[PDB]
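**Student:** See input.cif below, with mmCIF, C-alpha atoms; chains and numbers go by the auth columns.
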```cif
data_run
#
loop_
_atom_site.group_PDB
_atom_site.id
_atom_site.type_symbol
_atom_site.label_atom_id
_atom_site.label_comp_id
_atom_site.label_asym_id
_atom_site.label_seq_id
_atom_site.Cartn_x
_atom_site.Cartn_y
_atom_site.Cartn_z
_atom_site.B_iso_or_equiv
_atom_site.auth_seq_id
_atom_site.auth_asym_id
ATOM 1 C CA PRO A 1 44.110 134.307 -56.410 0.00 1 A
ATOM 2 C CA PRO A 2 41.888 135.132 -53.433 0.00 2 A
ATOM 3 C CA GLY A 3 41.581 131.447 -52.615 0.00 3 A
ATOM 4 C CA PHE A 4 45.353 131.322 -52.318 0.00 4 A
ATOM 5 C CA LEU A 5 45.166 134.370 -50.062 0.00 5 A
ATOM 6 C CA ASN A 6 42.491 132.660 -47.944 0.00 6 A
ATOM 7 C CA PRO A 7 42.254 128.867 -48.306 0.00 7 A
ATOM 8 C CA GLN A 8 38.859 128.820 -46.593 0.00 8 A
ATOM 9 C CA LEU A 9 37.309 129.870 -49.912 0.00 9 A
ATOM 10 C CA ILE A 10 37.914 126.344 -51.259 0.00 10 A
ATOM 11 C CA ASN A 11 35.344 123.721 -50.340 0.00 11 A
ATOM 12 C CA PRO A 12 37.115 120.674 -48.868 0.00 12 A
ATOM 13 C CA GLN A 13 34.632 118.128 -50.202 0.00 13 A
ATOM 14 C CA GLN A 14 34.775 119.641 -53.681 0.00 14 A
ATOM 15 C CA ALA A 15 38.506 120.374 -54.086 0.00 15 A
ATOM 16 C CA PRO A 16 40.303 118.427 -51.352 0.00 16 A
ATOM 17 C CA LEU A 17 43.778 118.320 -52.877 0.00 17 A
ATOM 18 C CA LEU A 18 43.885 122.018 -53.717 0.00 18 A
ATOM 19 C CA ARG A 19 42.698 123.043 -50.261 0.00 19 A
ATOM 20 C CA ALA A 20 45.287 120.822 -48.610 0.00 20 A
ATOM 21 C CA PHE A 21 48.025 122.108 -50.901 0.00 21 A
ATOM 22 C CA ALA A 22 47.237 125.732 -50.094 0.00 22 A
ATOM 23 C CA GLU A 23 47.158 125.048 -46.364 0.00 23 A
ATOM 24 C CA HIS A 24 50.402 123.102 -46.673 0.00 24 A
ATOM 25 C CA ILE A 25 52.058 126.048 -48.407 0.00 25 A
ATOM 26 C CA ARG A 26 50.745 128.627 -45.954 0.00 26 A
ATOM 27 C CA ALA A 27 51.889 126.484 -43.028 0.00 27 A
ATOM 28 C CA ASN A 28 55.305 125.222 -44.119 0.00 28 A
ATOM 29 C CA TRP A 29 56.797 127.926 -46.331 0.00 29 A
ATOM 30 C CA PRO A 30 59.837 129.134 -44.376 0.00 30 A
ATOM 31 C CA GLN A 31 59.926 132.304 -42.305 0.00 31 A
ATOM 32 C CA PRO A 32 62.647 134.798 -43.261 0.00 32 A
ATOM 33 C CA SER A 33 65.123 135.976 -40.657 0.00 33 A
ATOM 34 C CA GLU A 34 68.173 138.214 -40.396 0.00 34 A
ATOM 35 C CA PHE A 35 71.659 138.400 -38.934 0.00 35 A
ATOM 36 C CA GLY A 36 74.453 140.901 -38.531 0.00 36 A
ATOM 37 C CA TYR A 37 77.743 141.113 -40.379 0.00 37 A
ATOM 38 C CA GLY A 38 80.724 143.348 -40.929 0.00 38 A
ATOM 39 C CA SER A 39 82.302 145.492 -38.244 0.00 39 A
ATOM 40 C CA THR A 40 80.932 148.481 -36.370 0.00 40 A
ATOM 41 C CA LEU A 41 84.231 150.264 -37.062 0.00 41 A
ATOM 42 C CA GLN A 42 83.256 150.730 -40.723 0.00 42 A
ATOM 43 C CA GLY A 43 80.499 152.253 -42.793 0.00 43 A
ATOM 44 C CA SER A 44 77.446 150.142 -43.438 0.00 44 A
ATOM 45 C CA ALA A 45 76.578 150.854 -47.113 0.00 45 A
ATOM 46 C CA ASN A 46 73.066 149.499 -46.523 0.00 46 A
ATOM 47 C CA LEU A 47 70.168 151.412 -48.060 0.00 47 A
ATOM 48 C CA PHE A 48 66.895 149.837 -46.914 0.00 48 A
ATOM 49 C CA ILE A 49 67.703 147.183 -44.302 0.00 49 A
ATOM 50 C CA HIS B 1 8.294 101.198 -55.596 0.00 1 B
ATOM 51 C CA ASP B 2 11.623 99.446 -56.070 0.00 2 B
ATOM 52 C CA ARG B 3 13.510 102.567 -57.120 0.00 3 B
ATOM 53 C CA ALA B 4 11.942 104.737 -54.428 0.00 4 B
ATOM 54 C CA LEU B 5 13.058 102.439 -51.624 0.00 5 B
ATOM 55 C CA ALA B 6 16.546 102.058 -53.078 0.00 6 B
ATOM 56 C CA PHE B 7 16.908 105.820 -53.419 0.00 7 B
ATOM 57 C CA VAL B 8 15.916 106.182 -49.769 0.00 8 B
ATOM 58 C CA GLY B 9 18.639 103.753 -48.751 0.00 9 B
ATOM 59 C CA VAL B 10 21.291 105.808 -50.514 0.00 10 B
ATOM 60 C CA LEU B 11 20.010 109.048 -49.018 0.00 11 B
ATOM 61 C CA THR B 12 20.109 107.503 -45.550 0.00 12 B
ATOM 62 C CA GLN B 13 23.402 105.639 -45.846 0.00 13 B
ATOM 63 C CA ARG B 14 24.828 109.134 -45.918 0.00 14 B
ATOM 64 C CA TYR B 15 23.292 111.813 -43.712 0.00 15 B
ATOM 65 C CA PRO B 16 21.851 109.795 -40.808 0.00 16 B
ATOM 66 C CA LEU B 17 18.342 110.989 -40.086 0.00 17 B
ATOM 67 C CA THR B 18 18.704 111.926 -36.424 0.00 18 B
ATOM 68 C CA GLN B 19 21.361 114.513 -37.316 0.00 19 B
ATOM 69 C CA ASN B 20 19.712 115.906 -40.440 0.00 20 B
ATOM 70 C CA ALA B 21 15.912 115.864 -40.112 0.00 21 B
ATOM 71 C CA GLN B 22 15.733 119.648 -39.730 0.00 22 B
ATOM 72 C CA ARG B 23 17.743 120.532 -42.832 0.00 23 B
ATOM 73 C CA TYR B 24 16.056 121.795 -45.987 0.00 24 B
ATOM 74 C CA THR B 25 16.713 120.056 -49.282 0.00 25 B
ATOM 75 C CA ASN B 26 17.480 122.062 -52.384 0.00 26 B
ATOM 76 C CA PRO B 27 14.620 121.195 -54.762 0.00 27 B
ATOM 77 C CA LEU B 28 16.783 121.679 -57.844 0.00 28 B
ATOM 78 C CA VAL B 29 19.552 119.399 -56.596 0.00 29 B
ATOM 79 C CA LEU B 30 17.040 116.849 -55.344 0.00 30 B
ATOM 80 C CA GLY B 31 15.228 116.736 -58.667 0.00 31 B
ATOM 81 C CA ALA B 32 18.408 116.324 -60.686 0.00 32 B
ATOM 82 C CA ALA B 33 19.853 113.723 -58.327 0.00 33 B
ATOM 83 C CA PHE B 34 16.700 111.618 -58.290 0.00 34 B
ATOM 84 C CA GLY B 35 16.334 111.843 -62.059 0.00 35 B
ATOM 85 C CA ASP B 36 19.832 110.526 -62.658 0.00 36 B
ATOM 86 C CA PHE B 37 19.333 107.732 -60.140 0.00 37 B
ATOM 87 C CA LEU B 38 16.507 105.956 -61.917 0.00 38 B
ATOM 88 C CA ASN B 39 18.336 106.678 -65.160 0.00 39 B
ATOM 89 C CA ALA B 40 20.951 104.278 -63.733 0.00 40 B
ATOM 90 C CA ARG B 41 23.541 107.059 -63.557 0.00 41 B
ATOM 91 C CA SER B 42 25.771 107.820 -60.583 0.00 42 B
ATOM 92 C CA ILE B 43 24.706 110.660 -58.308 0.00 43 B
ATOM 93 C CA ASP B 44 27.594 111.053 -55.884 0.00 44 B
ATOM 94 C CA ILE B 45 28.395 114.588 -57.040 0.00 45 B
ATOM 95 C CA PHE B 46 24.950 115.812 -56.006 0.00 46 B
ATOM 96 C CA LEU B 47 24.838 114.298 -52.522 0.00 47 B
ATOM 97 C CA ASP B 48 27.461 116.734 -51.259 0.00 48 B
ATOM 98 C CA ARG B 49 25.085 119.640 -51.904 0.00 49 B
ATOM 99 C CA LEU B 50 21.652 118.295 -51.048 0.00 50 B
ATOM 100 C CA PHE B 51 20.914 120.946 -48.414 0.00 51 B
ATOM 101 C CA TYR B 52 20.862 124.721 -48.194 0.00 52 B
ATOM 102 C CA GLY B 53 20.043 127.379 -45.639 0.00 53 B
ATOM 103 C CA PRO B 54 16.962 129.169 -46.938 0.00 54 B
ATOM 104 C CA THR B 55 17.450 132.121 -44.596 0.00 55 B
ATOM 105 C CA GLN B 56 20.860 132.841 -46.135 0.00 56 B
ATOM 106 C CA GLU B 57 20.411 132.201 -49.868 0.00 57 B
ATOM 107 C CA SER B 58 18.103 130.904 -52.581 0.00 58 B
ATOM 108 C CA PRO B 59 18.143 127.383 -54.016 0.00 59 B
ATOM 109 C CA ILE B 60 19.771 128.949 -57.074 0.00 60 B
ATOM 110 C CA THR B 61 22.493 130.990 -55.390 0.00 61 B
ATOM 111 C CA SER B 62 23.337 128.030 -53.172 0.00 62 B
ATOM 112 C CA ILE B 63 24.311 126.191 -56.354 0.00 63 B
ATOM 113 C CA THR B 64 26.204 128.992 -58.100 0.00 64 B
ATOM 114 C CA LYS B 65 28.916 128.587 -55.463 0.00 65 B
ATOM 115 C CA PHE B 66 30.349 125.874 -57.751 0.00 66 B
ATOM 116 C CA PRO B 67 30.383 127.395 -61.250 0.00 67 B
ATOM 117 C CA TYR B 68 31.370 124.513 -63.500 0.00 68 B
ATOM 118 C CA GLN B 69 29.894 121.656 -65.491 0.00 69 B
ATOM 119 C CA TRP B 70 28.861 119.295 -62.703 0.00 70 B
ATOM 120 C CA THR B 71 27.686 116.666 -65.169 0.00 71 B
ATOM 121 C CA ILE B 72 26.764 116.396 -68.818 0.00 72 B
ATOM 122 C CA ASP B 73 23.124 117.308 -68.116 0.00 73 B
ATOM 123 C CA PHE B 74 23.683 119.783 -65.274 0.00 74 B
ATOM 124 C CA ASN B 75 25.823 122.815 -66.104 0.00 75 B
ATOM 125 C CA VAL B 76 26.079 125.794 -63.754 0.00 76 B
ATOM 126 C CA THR B 77 27.864 129.099 -64.359 0.00 77 B
ATOM 127 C CA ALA B 78 28.649 131.923 -61.951 0.00 78 B
ATOM 128 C CA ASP B 79 25.106 133.237 -62.396 0.00 79 B
ATOM 129 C CA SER B 80 22.938 130.558 -63.993 0.00 80 B
ATOM 130 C CA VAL B 81 22.105 126.862 -64.205 0.00 81 B
ATOM 131 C CA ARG B 82 21.168 124.892 -67.316 0.00 82 B
ATOM 132 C CA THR B 83 19.355 121.559 -67.279 0.00 83 B
ATOM 133 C CA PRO B 84 16.722 119.726 -69.345 0.00 84 B
ATOM 134 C CA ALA B 85 13.137 120.220 -68.257 0.00 85 B
ATOM 135 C CA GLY B 86 11.587 117.207 -66.592 0.00 86 B
#
```
What do you get writing this file as structure tokens?

**Tutor:**
Amino acid sequence: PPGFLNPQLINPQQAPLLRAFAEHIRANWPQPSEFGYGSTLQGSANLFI
Amino acid sequence: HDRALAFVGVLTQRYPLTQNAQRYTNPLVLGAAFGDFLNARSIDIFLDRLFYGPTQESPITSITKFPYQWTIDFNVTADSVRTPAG
């Protein structure tokens, strides 16, 4: 939904809970990260990453 | 005379005059809101949308931003508004 893509499309006075929920999701959903593994003395076997 | 004064009080309890005198009222919303008021029916839903910027949209298109049945006598779709004639 475009409103989910951009929460500003939801009027606060008309749909307060939904607007807050979207902003909550967009603000608190965790950020992915990465880390190494294995040993450089061996092949990697990774395809994309 | 009683209802007129009471309706003024509601309109001024929200939207203090000194911050809103320049704004333009939507005639459609105003008519519906006033009509419900003296029909002894709550009008809170309308007060949120009493104004509109005439340089940016029409009194119709300003309403079609909220395409759903506002109340039993005021139904607005994505392109149209239905209401009994006064």

**Student:** Show me which bits of chain A are within 10 Å of chain B, counting all atoms listed in the file, as an MDAnalysis selection string.

**Tutor:** chainID A and resid 10:11 13:14

**Student:** Please indicate the distance in Å from CA of residue 13 (chain B) to CA of residue 82 (chain B), rounded to one decimal place.

**Tutor:**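 Between these atoms lies a distance of 28.9 Å.
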
**Student:** Hey, can you check how far CA of residue 9 (chain A) sits from CA of residue 20 (chain B)?

**Tutor:**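 Going from CA of residue 9 (chain A) over to CA of residue 20 (chain B), I get 24.4 Å.
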
**Student:** Residues within 10 Å of residue 23 (chain B), please, as a ChimeraX atom specification. Count only C-alpha atoms; anything in the same chain fewer than 2 positions from it doesn't count.

**Tutor:** /B:17,19-21,25-26,50-54

**Student:** Go ahead and compute the interatomic distance for CA of residue 4 (chain A) and CA of residue 22 (chain A), in Å to one decimal.

**Tutor:**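 According to the coordinates, CA of residue 4 (chain A) and CA of residue 22 (chain A) are separated by 6.3 Å.
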
**Student:** Once the PyMOL selection byres ((chain B and resi 76) around 12) is applied to the coordinates I shared, what remains selected? I want it as a PyMOL selection string.

**Tutor:** chain B and resi 28-29+60-75+77-83

**Student:** To verify the selection step, state as an MDAnalysis selection string which residues the PyMOL selection byres ((chain B and resi 1-5) around 10) yields on this input.

**Tutor:** chainID B and resid 6:11 34 37:38

**Student:** Between A:2, A:46, A:7, A:41, single out the one closest to residue 21 (chain A), counting all atoms listed in the file.

**Tutor:**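 Closest to residue 21 (chain A) of all the choices is A:7.
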
**Student:** Please reconstruct the missing atoms of region 13-43 of chain A (target: N, CA and C atoms) and return them as a compact mmCIF listing (two decimals), keeping the file's coordinate frame.

**Tutor:**
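Saved the output as rebuild01.txt:
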```txt
# COMPACT_ATOMS: atom_id res chain seq x y z
N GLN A 13 35.24 119.27 -49.54
CA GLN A 13 34.63 118.13 -50.20
C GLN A 13 34.68 118.25 -51.71
N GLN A 14 34.78 119.47 -52.24
CA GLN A 14 34.78 119.64 -53.68
C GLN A 14 36.18 119.64 -54.27
N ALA A 15 37.12 120.30 -53.62
CA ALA A 15 38.51 120.37 -54.09
C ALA A 15 39.44 120.04 -52.94
N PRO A 16 39.48 118.78 -52.52
CA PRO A 16 40.30 118.43 -51.35
C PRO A 16 41.78 118.68 -51.56
N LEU A 17 42.34 118.21 -52.68
CA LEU A 17 43.78 118.32 -52.88
C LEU A 17 44.22 119.77 -52.91
N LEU A 18 43.49 120.62 -53.63
CA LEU A 18 43.88 122.02 -53.72
C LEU A 18 43.84 122.69 -52.35
N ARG A 19 42.79 122.44 -51.58
CA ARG A 19 42.70 123.04 -50.26
C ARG A 19 43.86 122.60 -49.38
N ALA A 20 44.16 121.31 -49.40
CA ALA A 20 45.29 120.82 -48.61
C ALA A 20 46.59 121.45 -49.07
N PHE A 21 46.78 121.55 -50.38
CA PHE A 21 48.02 122.11 -50.90
C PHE A 21 48.21 123.55 -50.45
N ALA A 22 47.15 124.35 -50.53
CA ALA A 22 47.24 125.73 -50.09
C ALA A 22 47.58 125.81 -48.62
N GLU A 23 46.88 125.03 -47.79
CA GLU A 23 47.16 125.05 -46.36
C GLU A 23 48.58 124.57 -46.09
N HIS A 24 49.03 123.57 -46.83
CA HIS A 24 50.40 123.10 -46.67
C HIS A 24 51.39 124.22 -46.96
N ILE A 25 51.16 124.96 -48.05
CA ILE A 25 52.06 126.05 -48.41
C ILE A 25 52.04 127.12 -47.33
N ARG A 26 50.85 127.55 -46.93
CA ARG A 26 50.74 128.63 -45.95
C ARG A 26 51.31 128.23 -44.60
N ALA A 27 51.42 126.93 -44.33
CA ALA A 27 51.89 126.48 -43.03
C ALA A 27 53.37 126.16 -43.00
N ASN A 28 53.95 125.74 -44.12
CA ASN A 28 55.30 125.22 -44.12
C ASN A 28 56.30 126.08 -44.87
N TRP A 29 55.85 127.07 -45.63
CA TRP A 29 56.80 127.93 -46.33
C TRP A 29 57.65 128.67 -45.31
N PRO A 30 58.97 128.68 -45.46
CA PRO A 30 59.84 129.13 -44.38
C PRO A 30 59.66 130.61 -44.06
N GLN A 31 59.96 130.94 -42.82
CA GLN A 31 59.93 132.30 -42.30
C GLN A 31 61.29 132.96 -42.48
N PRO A 32 61.36 134.12 -43.11
CA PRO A 32 62.65 134.80 -43.26
C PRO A 32 63.16 135.31 -41.93
N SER A 33 64.47 135.48 -41.86
CA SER A 33 65.12 135.98 -40.66
C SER A 33 66.24 136.92 -41.08
N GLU A 34 67.10 137.27 -40.13
CA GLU A 34 68.17 138.21 -40.40
C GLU A 34 69.33 137.95 -39.45
N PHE A 35 70.48 138.52 -39.78
CA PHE A 35 71.66 138.40 -38.93
C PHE A 35 72.64 139.50 -39.29
N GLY A 36 73.48 139.85 -38.32
CA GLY A 36 74.45 140.90 -38.53
C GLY A 36 75.67 140.43 -39.29
N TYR A 37 76.53 141.38 -39.62
CA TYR A 37 77.74 141.11 -40.38
C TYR A 37 78.66 142.32 -40.25
N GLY A 38 79.83 142.22 -40.87
CA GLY A 38 80.72 143.35 -40.93
C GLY A 38 81.28 143.71 -39.56
N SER A 39 81.74 144.96 -39.47
CA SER A 39 82.30 145.49 -38.24
C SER A 39 81.74 146.88 -37.99
N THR A 40 81.45 147.17 -36.72
CA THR A 40 80.93 148.48 -36.37
C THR A 40 81.94 149.59 -36.60
N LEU A 41 83.20 149.26 -36.82
CA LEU A 41 84.23 150.26 -37.06
C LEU A 41 84.23 150.79 -38.49
N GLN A 42 83.29 150.35 -39.32
CA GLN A 42 83.26 150.73 -40.72
C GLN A 42 81.86 151.18 -41.12
N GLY A 43 81.78 151.86 -42.26
CA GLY A 43 80.50 152.25 -42.79
C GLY A 43 79.67 151.06 -43.20
```
